[PDB]
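Report on the structure
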Amino acid sequence: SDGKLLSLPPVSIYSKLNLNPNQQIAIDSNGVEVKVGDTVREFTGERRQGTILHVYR
Amino acid sequence: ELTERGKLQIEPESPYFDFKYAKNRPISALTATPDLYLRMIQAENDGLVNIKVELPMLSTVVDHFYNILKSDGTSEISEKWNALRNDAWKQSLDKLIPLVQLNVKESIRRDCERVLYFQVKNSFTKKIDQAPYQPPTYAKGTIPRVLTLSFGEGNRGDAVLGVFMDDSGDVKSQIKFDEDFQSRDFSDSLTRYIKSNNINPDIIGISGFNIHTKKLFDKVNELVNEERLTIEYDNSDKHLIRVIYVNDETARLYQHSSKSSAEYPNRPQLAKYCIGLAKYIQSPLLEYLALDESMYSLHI
Amino acid sequence: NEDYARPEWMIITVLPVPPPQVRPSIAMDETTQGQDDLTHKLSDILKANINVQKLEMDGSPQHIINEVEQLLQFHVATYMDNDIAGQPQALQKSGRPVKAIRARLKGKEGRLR
Amino acid sequence: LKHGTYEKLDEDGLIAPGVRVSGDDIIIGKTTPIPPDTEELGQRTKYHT
Amino acid sequence: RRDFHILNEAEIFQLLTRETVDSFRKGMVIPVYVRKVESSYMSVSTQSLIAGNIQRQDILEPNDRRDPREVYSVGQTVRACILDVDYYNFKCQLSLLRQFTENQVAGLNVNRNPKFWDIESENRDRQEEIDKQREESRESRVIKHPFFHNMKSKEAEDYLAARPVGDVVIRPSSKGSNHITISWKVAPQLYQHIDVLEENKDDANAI
DNA sequence: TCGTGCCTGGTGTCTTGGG
RNA sequence: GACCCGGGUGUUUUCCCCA
DNA sequence: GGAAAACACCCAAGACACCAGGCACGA
């Protein structure tokens, strides 16, 4: 989530974060709910866009 | 200083936002906060920011060295000589400044790295410094018989697994509770397992992956308080068997390690997790040793 | 054609084995699934190949070698064409003739039509 | 399971006469055994057999 | 070695919810999930299974007199601000008032002392990015009409110069797509531009 | 007859090739 | 707060329907 | 184009693991 890259053995990883749709929820700047796979565009900065892969915090 | 990449990428949520516009930060205070300087260096290496070291009294040193070097003549020839000397001195300063800046930067980097190394060493030592749980009416260092109960998640369809280990460190019996943990049947079966089979565990450990485990912990504590399940003491206020939460980084890593699979080829993953919890309670140091390489991935 | 159709390529020395998409299996009932005809024919061809290899290295009566190699030739030929006039067809255990690859492509119900 | 409804079946898995049925409803309930998986890990008897 | 270490309320909370006490405390905004709507309160669930509740004073704005059920329904997640945290019982109270969910922007406690912080640079960058936000794009208008011509004011006047008195040309207006400038030749080398305001427009290019 | 037990017959199981 | 699913043979043969 | 109805690797025989019963034998 920080933006860095790491290399670790498969054993060291804790576990997959299995999250239900009731847990993986995203809200945009305006407050409209955005779900998995939707396309959003960055409001500022590079103003890039893409499809959501996973939502966390 | 900020590059265009720094001008665009340093967001209010990014960890680099703490020094987006820092200025005139004292060097002597940096050693007390090594992580700030390390993060500044990391941001610099990303092509976002530029770290600059400057002296408020640089002009004072330049003027003093010029006064030492300059001639005292007043003729126009002496004026030309002094001008040539001063210009060469300024060029020498221009050449010299970057090397001194780099040397000071490397010195502060080494100091901050050593400070953070010692800090991490102390944190790890604090993490791994804990003797095994001492049951009452026993001397310190005695290995207690332990019982671990866990169900993992608590979704509809989550049975509670129980694993008991003696002081010898060898698994004695594993049991499944297939009824609901809130039913009277669950409590009755757990009481029968605790009492009838002469298991007599010295401490009971409870752990899980979410907040659903809290309800199990409360239910177990209520059951212990209700049935007066006092510890058996080898031959009189008999003491109750303690029920606590257990830290489970080593257990989580052990449930995925192939060492457990070789040790227990016909056991479920939750059984391995409970065994890891029990072994951690018996001896945290040996469990931390069992991590081998994965211990370096722990949040220290 | 030198690049595309060389005359010695008309003799089969290595056989391509099609993927299961070409020869899918069917679940006859809730428990037992049925192997396709091509799968059984390929199993027969591979058994004949194993038999030839085993016979060659151990001991070589020419009569036995001729018999086994002729069996292998028959299996490979019927795997691709089971309507060769002048000789009996390959039959399944149920008595029906084997549905060779050539039969898949011809007729109203074939691939093309 | 089929996408229809099983609520019209009796205790013995057979519908009773006099019951109105529609398309895709289940009129005969039958199950075949399957070797259980490793779900006995932590499933409270709620594992598909 | 020291005796066995027993986890406390903060450690148990961090172990169970995997959320630090710093990242979950007063004055934080989280996208909680509505689980039950009632007239006097709403029961919501956070991402980390922490059950929350809001008393009726905060689901709806103090000025509004609507019903909680009409505005918010089950499955409609909304932003909420943490007011209180029961770490032992994993219970929290939230507020939907915009004074928390919106005004809380600079939630970091970074010391902005001018001696060690360049406030002027951050402010200047702030108006730079705000002006960038103000920047937009515009395009031309296309209209289908026999007497409509995409010309400037001077271009329209020159086009009407070769024509006798009274001929009429139509061009887009500078006051917006909802306005139209009509240029007609009053006299030799004399032209009048008249602005026409459009109402009930079906489209920008439409009439 | 009481008691510890043997040791080979047998249940349950399975491989894997004949047809 | 207890929360609802998503799968279907193949090969022969026979008897029909409209031209 | 419709529907219905009957068939689709079976098997047997030699090799292994576990068990148990009824008879041996000392006392």
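Residues numbered from 1 in each chain as written, not as in the entry; some residues may be left out. Chains lettered and ligands numbered in written order. Part of a larger assembly, values for the part shown. Heavy atoms only, no water.

- Looking at the PDB entry, chain E carries the name Transcription elongation factor Spt6, with the source organism given as Komagataella phaffii.
- As recorded in the PDB, this entry has the title "RNA polymerase II elongation complex transcribing a nucleosome (EC49)".

- The name given to chain B in the PDB entry is Transcription elongation factor Spt6, with the source organism recorded as Komagataella phaffii.

1. Describing the overall build of chain E
- Looking only at helices and strands, chain E has six helices and eight strands in total.
- Going from N to C terminus, chain E has its helices and strands arranged as α-β-β-β-α-α-β-β-α-α-α-β-β-β.
- Scaling as 2.2 N^0.38, a compact globule of 207 residues should have a C-alpha radius of gyration of about 17 Å, whereas chain E reaches 31 Å, well beyond that.
- For the C-alpha atoms alone, the extent of chain E along its principal axes is close to 105 × 50 × 30 Å. (Helix = DSSP H or I, 4+ residues; strand = E, 2+ residues; numbered from the N terminus. Rg over C-alpha atoms; globule rule 2.2 N^0.38 Å.)

2. What to know about the pattern of salt bridges
- In total, this model carries 34 salt bridges over all chains according to the counting rule given.
- As a salt-bridge pair, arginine 57 of chain A and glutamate 19 of chain E come within 2.8 Å of each other at their nearest N and O atoms. On the criterion of chain membership, the pair formed by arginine 57 of chain A in the segment after β4 (49–51) and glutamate 19 of chain E in the loop between α1 (9–17) and β1 (29–37) is interchain, its members lying in two chains.
- Classification of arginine 57 of chain A as partly exposed rests on a relative accessible area of 41%. (Salt bridge = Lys/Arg side-chain N within 4 Å of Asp/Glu carboxyl O. Buried < 20%, exposed > 50% of the residue type's maximum accessible area, 1.4 Å probe, protein only.)

3. Regarding the sheet that holds strand β3 (residues 51–55) of chain E
Residues and elements named next belong to chain E.
- If you walk around this closed barrel you meet the five strands as β1-β2-β3-β5-β4, and the pairing is mixed. If you compare each strand with its neighbour and ignore which way they point, the axes differ by 50° on average.
- Both strand β2 (residues 41–45) and β3 contribute to a ladder of five bridges, which runs antiparallel. The residue of β3 that forms the bridge with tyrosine 41 is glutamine 55. (Pairing = 2+ DSSP bridges. Axes fitted to C-alpha atoms, helices over the stretch in contact; angles between N-to-C directions.)

4. What about the nonpolar core?
- In this structure, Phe24, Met42, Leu94 and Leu96 of chain E are the most contacted members of the largest nonpolar core, which totals 50 residues.
- If one sorts the elements of this core by residue count, helix α6 (residues 212–227) of chain B sits on top with five residues.
- With 24 residues, the next largest nonpolar core counts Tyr133, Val146, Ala251 and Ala278 of chain B among its residues. (Core = buried A, V, L, I, M, F, W, Y, C linked by side-chain atoms within 4.5 Å.)

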